[PDB]
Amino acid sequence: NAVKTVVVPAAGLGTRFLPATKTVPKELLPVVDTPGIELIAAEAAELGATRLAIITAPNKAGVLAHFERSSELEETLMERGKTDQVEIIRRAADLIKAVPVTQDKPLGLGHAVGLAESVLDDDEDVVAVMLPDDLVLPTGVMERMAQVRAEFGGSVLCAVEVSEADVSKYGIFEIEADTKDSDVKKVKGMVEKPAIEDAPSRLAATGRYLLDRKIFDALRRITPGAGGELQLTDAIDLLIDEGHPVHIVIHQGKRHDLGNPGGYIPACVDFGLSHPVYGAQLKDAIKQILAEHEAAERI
């Protein structure tokens, strides 16, 4: 009820998808037919958000364009017989208002988020951040997360339990103490992509955050961490060490990391199987490919 603007950092290089991402933004990759950024925009609308501050890069024009009307394209589609599609290409743009925020160089997720400071209304008390390459299903974890912030103030992040092998890929929470609800916990530290030996838990940060504006000040104090980037994680950890309250909402359901082929492909399968048109066939197709590989393997 309080969130007006949601910050969607989409200015990365997407190295894990190269060469494809040389000119295609990972954020626009179709989960069946729909980009994760469009998925994120829809979730933000559901949250009541009225604007989307998209952090973008100079060589990623499509990100913002996806949310603008393309009369060239709509016209073409008219004279071809399909108004049905003109609607599909207007959905994102119509869902919410996209406000582009340029990030010249990909200095970090944290640095990206800091860029949106000037863009929020002075009247906004929280910074809602949604990573466009991360899906938390069913949608609504943000509604749960806001409830927790109302109750405890401070910042709140969404977490998922992860396998020992996936811990190095995420921001990992250091649990401080449990809470009235088993799915809400207070945290004592946050660490970005730790070696498996030095990971405080198996609780990993998904791309959902409801942060206290204090973050911006914490982001100006932080120095570069993992991979030489200015990490949102490190600023959250800063706030933690200062005494600011930071809780996690532990998500029980489906989570899809669209950020690399390993998570993206299964996401396409997942959504592909429930699709009214492709469902049946995909299943058959995939079962045969799985079998083909099993055979290959033994041989």
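Numbering starts at 1 and runs along the sequence shown.
For the segment pair 89-97 and 108-116, the entry gives 89-97 the higher mean B-factor, averaged over Cα atoms.
Look at the mean CA B-factor for 26-34 and for 270-278 in the entry; the higher one is 270-278. You'll see in the entry that, of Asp133, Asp166, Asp212, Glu143, the Cα B factor peaks at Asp166. When the C-alpha B factors of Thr206, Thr102, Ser201, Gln147 are read from the deposited coordinates, the top value falls at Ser201. The deposited CA B-factor of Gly263 belongs to the lowest third of values across its chain. Per the deposited record, the Cα B-factor of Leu52 falls in the highest third when ranked against the other modelled residues of its chain. Among the modelled residues of its chain, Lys185 has a C-alpha B-factor that falls in the lowest third according to the deposited record. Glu68 sits in the highest third of its chain by CA B factor, as recorded in the PDB entry. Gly243: CA B factor in the middle third of modelled residues in this chain (values from the PDB entry).
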